[PDB]
Amino acid sequence: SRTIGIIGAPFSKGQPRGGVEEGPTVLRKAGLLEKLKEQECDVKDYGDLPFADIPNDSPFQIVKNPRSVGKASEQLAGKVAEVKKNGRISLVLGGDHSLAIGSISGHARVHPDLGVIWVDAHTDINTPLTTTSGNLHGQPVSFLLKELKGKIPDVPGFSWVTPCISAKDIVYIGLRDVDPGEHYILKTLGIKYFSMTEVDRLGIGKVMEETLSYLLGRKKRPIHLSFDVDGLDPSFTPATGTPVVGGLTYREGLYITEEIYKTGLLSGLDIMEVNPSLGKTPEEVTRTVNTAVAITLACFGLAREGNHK
Amino acid sequence: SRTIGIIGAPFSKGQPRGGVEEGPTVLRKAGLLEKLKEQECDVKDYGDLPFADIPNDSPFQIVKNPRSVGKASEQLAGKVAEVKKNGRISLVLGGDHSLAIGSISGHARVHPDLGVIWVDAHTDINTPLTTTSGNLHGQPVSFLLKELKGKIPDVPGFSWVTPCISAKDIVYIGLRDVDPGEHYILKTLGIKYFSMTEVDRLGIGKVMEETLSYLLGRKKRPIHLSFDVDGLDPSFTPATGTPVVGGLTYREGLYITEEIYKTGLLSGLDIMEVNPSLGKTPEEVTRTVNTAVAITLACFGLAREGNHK
Amino acid sequence: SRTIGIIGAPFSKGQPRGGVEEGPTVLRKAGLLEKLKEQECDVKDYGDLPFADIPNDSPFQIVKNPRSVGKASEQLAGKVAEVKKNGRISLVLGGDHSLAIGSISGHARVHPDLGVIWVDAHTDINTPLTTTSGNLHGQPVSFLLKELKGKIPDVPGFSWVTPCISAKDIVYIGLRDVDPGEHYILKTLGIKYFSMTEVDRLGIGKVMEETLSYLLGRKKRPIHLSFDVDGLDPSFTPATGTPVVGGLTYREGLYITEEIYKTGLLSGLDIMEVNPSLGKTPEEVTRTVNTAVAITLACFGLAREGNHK
Ligand SMILES: N[C@@H](CSCC[B-](O)(O)O)C(=O)O
Ligand SMILES: N[C@@H](CSCC[B-](O)(O)O)C(=O)O
Ligand SMILES: N[C@@H](CSCC[B-](O)(O)O)C(=O)O
Ligand SMILES: [Mn+2]
Ligand SMILES: [Mn+2]
Ligand SMILES: [Mn+2]
Ligand SMILES: [Mn+2]
Ligand SMILES: [Mn+2]
Ligand SMILES: [Mn+2]
């Protein structure tokens with residue numbers, strides 16, 4: 001089969017609300033491990049990463065906690081390279097999407113040929129100089145794209161970073177709130193994306209066929225799914241830091257993941273931006289967490305038509 | 001036109017919660033008859049079947065109320081054969097889906113060439129030996145399929161049963177919670193099914209075109225729609241005994257039924273698993289019942305584009 | 001670019017509930033102007049039309065307030081012809097859809113070649129003689145269609161009306177509650193329509209491609225989008241006078257409008273039937289209004305993939 005390599009990443013300094021740290025904990029408490037075990041893959045829990053805080057982490061321009069966000073990805077990258085070394089799918093239950101920098105970097109150190117599918121309401125492709133909020137959870141892709149090196153200033157904390165993925169190797173699914181600058185980068189660099197407009201016109205079925213043919217056409221290769229829980233509509237994942245109406249349906253989230261599983265090329269997965277302290281009610285938290293687990297489970301074989309040994 | 005042959009079937013011993021008996025009553029009280037009359041078909045109410053209880057109905061292995069569930073279908077089968085004899089569409093407003101055994105049997109005694117469309121979140125294809133719950137409302141198809149005879153043990157109450165439908169003659173629409181054994185039967189026997197995954201990939205439009213071409217391709221023939229209210233999402237039919245998230249939308253339920261009506265081959269209909277005592281609030285009950293009536297009405301001509309004489 | 005010509009039309013006598021008058025006000029207070037200004041079009045606010053009441057406006061048969069509804073459209077028509085004269089897109093934030101009579105008339109006096117896309121749960125094609133409610137907000141299309149002249153009796157208030165649009169030049173999107181007589185007109189006249197049934201079968205993507213090819217096939221030409229807020233499901237626009245379940249999703253409303261914008265042929269827009277006094281709660285009002293603004297904004301360039309100068 002395909003072994004699972006779990007990695008906790010309770011980090012929240014890539015953004016303002018500290019609750020996303022709760023992510024790994026709640027995800028675990030929801031029985032994620034035994035459910036993956038109920039399925040058919042070996043679960044190797046590498047535990048939760050201990051991110052020692054950086055006492056004097058002054059901002060870079062408008063960018064906050066640059067050193068914390070940077071060392072957090074650095075640790076994670078080395079962590080992801082090890083699970084991928086022990087021949088496994090890296091499964092990061094993170095806090096804020098700024099961790100994708102480390103997740104994808106450590107992943108690419110083992111399989112530099114990987115292609116990325118980014119399910120998000122946002123592009124998270126802002127740079128230190130285009131950012132207006134200064135939150136690093138909305139800039140991970142800029143530090144990763146090869147075509148943007150030269151546009152990324154040397155920020156404290158990211159000297160280790162080497163642009164690992166090119167414009168032609170990533171696909172966005174679910175966009176609906178892209179910054180004017182981010183949109184400029186999408187269109188200028190020619191990044192493949194399926195915003196809600198496209199999902200509406202093609203239907204999720206044609207969307208998945210097209211993103212997979214676009215990435216797996218010429219050559220088969222490792223697939224890194226970075227999944228931001230806010231890619232789905234707030235009625236399904238309300239306990240997230242930046243929710244936007246008109247998102248992917250419960251069902252569309254499962255299709256995406258069931259189709260990615262079937263390629264048999266999943267190599268790394270990120271389950272990001274879940275923040276239970278942001279659910280209106282205790283059920284809003286339970287709804288967001290269960291949808292996140294259901295999502296993760298489809299990535300590893302859980303199919304709605306059924307399964308059997 | 002096409003005459004309607006209504007049949008009440010207030011039976012609940014095919015499962016654990018006794019409220020599904022309420023089905024016929026609430027469905028009637030919702031004005032189902034006068035609304036069908038407002039449309040263009042003759043309504044002949046054969047009343048509600050009186051299912052005398054079996055005093056000493058001991059279990060078969062783990063299967064409960066086998067004799068009650070069996071005689072309930074037996075009566076219903078003979079009842080369905082009569083309405084189909086008086087040249088009409090049999091319309092069973094049942095309790096639990098175990099009644100499908102009788103509905104489809106009595107139907108096939110008149111038109112053994114019928115093809116079946118099973119709208120459900122479940123396959124209900126468990127046998128007495130594969131069942132874990134032992135509830136007969138999740139085993140009707142096994143007693144019906146010809147390819148499973150030889151696998152079905154002789155259960156008290158079903159000596160009258162003769163496998164009437166073959167694997168190649170039934171289509172599932174809406175699956176999302178199939179047991180590991182049920183999935184084995186689907187795949188082994190090669191039963192046509194459109195789980196939520198397929199509905200997501202093809203869209204309900206291609207799904208209906210494909211299930212109808214699959215059943216009505218070679219030859220036109222009587223169509224039996226067995227509709228489990230839980231085939232639709234709990235946000236539309238919450239007052240049911242086994243609800244599952246990610247189901248058919250209000251709109252998708254109507255399309256299915258509007259397309260089935262248009263074939264002009266509807267011959268039998270089952271409106272199952274509605275249980276008002278299971279609605280959280282009085283409106284949860286009203287929502288589930290009205291959606292059930294709206295569904296039944298589309299089966300008989302009610303179209304969203306409009307109608308006229 | 002394409003200049004915007006805003007027109008307030010706080011009129012409610014085309015129907016029974018007086019709250020729709022609130023429309024222009026709430027729509028404005030929601031920041032509609034500055035948001036359109038944030039985009040890329042010149043906003044010229046022609047203010048809100050003052051509809052002096054007609055003291056002795058007795059009914060025509062069963063038709064109520066004929067003289068008020070008629071003079072309201074008459075003023076509006078002359079108003080719409082002026083904005084269209086100052087080279088702009090007429091944007092009417094009305095009350096009840098009876099105003100479409102004036103909106104489309106004054107529009108056609110400037111561009112008689114316009115084609116119409118009518119997003120509604122209803123056809124609003126009843127005549128004075130087929131109407132049963134006698135509310136003029138459900139009869140605007142009959143006074144407009146050229147093929148129905150001869151069927152429209154001379155009603156007090158509409159002597160100025162000259163059938164401006166032919167059957168072949170209008171497309172309906174979202175129908176789900178058409179009167180038996182209205183359906184007769186649709187089918188008899190051969191009006192192009194995509195009811196919810198079609199939206200379900202084709203998907204909104206094929207629907208928009210087909211309605212645009214149907215109208216913009218032979219020749220490009222001015223497009224008048226008359227948008228009834230009730231065309232969308234009540235879960236998105238609950239504060240409307242005649243809501244019907246099974247409507248267009250939040251996302252489908254945006255696709256329609258994003259695709260219409262892209263043709264670059266939008267010439268007139270009506271944002272009708274919003275009635276805040278009909279929202280159950282203050283958020284039901286806010287939900288209906290924001291969805292209406294989001295809709296209007298997509299008509300003028302707001303795209304979910306993003307925008308930039
Ligand atoms: N465009 C916004 C996006 S914040 C959302 C971040 B994330 O996708 O990770 O939740 C920015 O620059 O902060
Ligand atoms: N697979 C379950 C299904 S229970 C649902 C039954 B019915 O579809 O009729 O609601 C079982 O064997 O009890
Ligand atoms: N068919 C109904 C429709 S009322 C709905 C009007 B409107 O679409 O404008 O909201 C009638 O004749 O009053
Ligand atoms: Mn993100
Ligand atoms: Mn996001
Ligand atoms: Mn069932
Ligand atoms: Mn079921
Ligand atoms: Mn209208
Ligand atoms: Mn309407």
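Here, residue 1 is simply the first one shown, and the rest follow in order.
Method reported for this entry: X-ray crystallography, 1.9 Å.
Placement of Cβ uses the backbone N, Cα and C atoms for every residue, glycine included.
Swiss-Prot annotates C:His122, C:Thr123, C:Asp124, C:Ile125, C:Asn126, C:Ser133, C:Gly134, C:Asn135, C:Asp179, C:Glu273 as substrate-binding residues; of C:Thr25, C:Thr211, C:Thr242, the candidate listed for that same site is C:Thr242.
Cross-referencing C:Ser159, C:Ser195, C:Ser267 with Swiss-Prot, the residue annotated as phosphoserine turns out to be C:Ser159.
Cross-referencing C:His97, C:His183, C:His308 against the Mn(2+) 1 binding annotation in Swiss-Prot, which names C:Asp120, C:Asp124, C:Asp228, picks out C:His97.
In Swiss-Prot, the annotation phosphoserine falls on C:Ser213, out of C:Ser105, C:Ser142, C:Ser213. Listed modified residues: C:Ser58, C:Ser68; maximum Cβ neighbour count within 10 Å falls on C:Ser68.
Secondary structure at C:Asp228 (Mn(2+) 1 binding site), as computed by DSSP, is strand.
Annotation for C:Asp179 (substrate binding site): spatial neighbours C:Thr123, C:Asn126, C:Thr130, C:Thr132, criterion Cβ-Cβ under 8 Å with sequence separation of six or more.
Other residues of the same chain near the Mn(2+) 1 site, with their Cβ within 8 Å of the Cβ centroid of C:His97, C:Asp120, C:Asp124, C:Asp228, are C:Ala100, C:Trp118, C:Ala121, C:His122, C:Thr123, C:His137, C:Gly138, C:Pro140, C:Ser226, C:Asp230, C:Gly231, C:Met272, C:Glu273. Summarising the substrate site geometry, the residues cited as binding it (C:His122, C:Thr123, C:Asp124, C:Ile125, C:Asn126, C:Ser133, C:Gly134, C:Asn135, C:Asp179, C:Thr242, C:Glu273) extend over a maximum Cα to Cα distance of 19 Å. Within 10 Å of C:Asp120 (Mn(2+) 1 binding site), as judged by C-alpha distances, the recorded positions found are C:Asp230; the full candidate list was C:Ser58, C:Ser68, C:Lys71, C:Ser159, C:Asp230. In sequence order, the binding-site residues near chain B (CB to CB under 8 A) are C:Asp179, out of C:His97, C:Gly134, C:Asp179. Note on proximity: of the recorded positions C:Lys13, C:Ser58, C:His122, the one nearest C:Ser68 (phosphoserine) is C:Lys13, by Cα distance. Closest in space to C:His97 (Mn(2+) 1 binding site), of the recorded positions given as C:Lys71, C:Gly134, C:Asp230, is C:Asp230, taking the CA atom of each residue. Under the three-state DSSP scheme, C:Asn126 (substrate binding site) falls in the coil class.
Within 10 Å of the C-beta of C:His122 (Mn(2+) 2 binding site) there are 25 other C-beta atoms, taking all protein chains into account.
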